[PDB]
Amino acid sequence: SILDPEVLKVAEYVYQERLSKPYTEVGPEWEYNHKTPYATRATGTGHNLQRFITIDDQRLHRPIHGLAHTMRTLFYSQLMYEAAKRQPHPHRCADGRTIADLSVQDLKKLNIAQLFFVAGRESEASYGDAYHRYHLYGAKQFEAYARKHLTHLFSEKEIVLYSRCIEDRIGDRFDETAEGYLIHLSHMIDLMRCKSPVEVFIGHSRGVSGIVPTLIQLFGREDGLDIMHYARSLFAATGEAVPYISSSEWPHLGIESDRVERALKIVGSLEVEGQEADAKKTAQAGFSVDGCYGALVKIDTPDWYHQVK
């Protein structure tokens, strides 16, 4: 519910230098046509999607991956820190540790690293090769900023760790590291703003579990759905459309009755109505750190959440 003021200083720099900047890998050089897949600089779709919106003749660049998206993930990691500490058997990562092993100081550093997580993006390109390049860019920006301003806070091995977290390196598991796990999970929660019911509730494949089943399996239905409703309220606080949910429709989405019944068993019946986007709240979230943070601190957190610092 609260963020350290030094986290917000780094937030201000990241907004000015990156999250407010236009996408550059845009335009005709970066259109994609799958039958001539190498005719351009793009080798997959998405470079020209929602490059910006205009709110009251101000231009808001990278609206899907801007200040508000980035700051919401920092509230997600602070909440899931407490949720993980309420579990008897928090998930153990490939490094031997759980989210409950992170200190209150570790979560400050992790918040700083989340500021850079998508800061290296140059379009909304989605395909694998663009994704790993943009994350490399974010990781390099993080290393540079931290090694110059944040050595009083980050040791050298922590800079390497959190940069490897931002990089999302080829061959690292989702849960390679407790730090990187909490970071991927915070990013995952925010995908609810724009993914289909199938991705949010059923999992896009037979193996995959889906965003909300993942929260329920990690924190139980009670805490997990608390978190899902809290993120949905963070959407609204920052003007984004809040999708409706209807577990009635899931049997009609094209998925084998197999995966649907499993998804309804995990999640339970859910019928909650949507909300519409709001241009003014969008603009206050997107254009200033003070604007975004002030809209986010005033949203109530779950009853069980008692933030430490």
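Residue positions are given as counts along the sequence shown, with the first one as 1.
Across the two stretches, 245 to 253 and 61 to 69, the PDB entry reports the greater mean Cα temperature factor for 245 to 253.
In this entry, 206 to 214 shows the higher mean Cα temperature factor of the pair 206 to 214 and 92 to 100. When the C-alpha B-factors of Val118, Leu110, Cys165, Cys194 are read from the PDB record, the largest value belongs to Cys194. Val198: CA B factor lies in the highest third for its chain, per the PDB record. In this PDB entry, the Cα temperature factor of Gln87 sits in the bottom third of its chain's modelled residues, the lowest group. Among the modelled residues of its chain, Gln114 has a C-alpha B-factor that falls in the lowest third according to the deposited record. Among the modelled residues of its chain, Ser155 has a C-alpha B-factor that falls in the middle third, as given in the PDB entry. When all modelled residues of the chain are sorted by CA temperature factor, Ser126 is found within the highest third.
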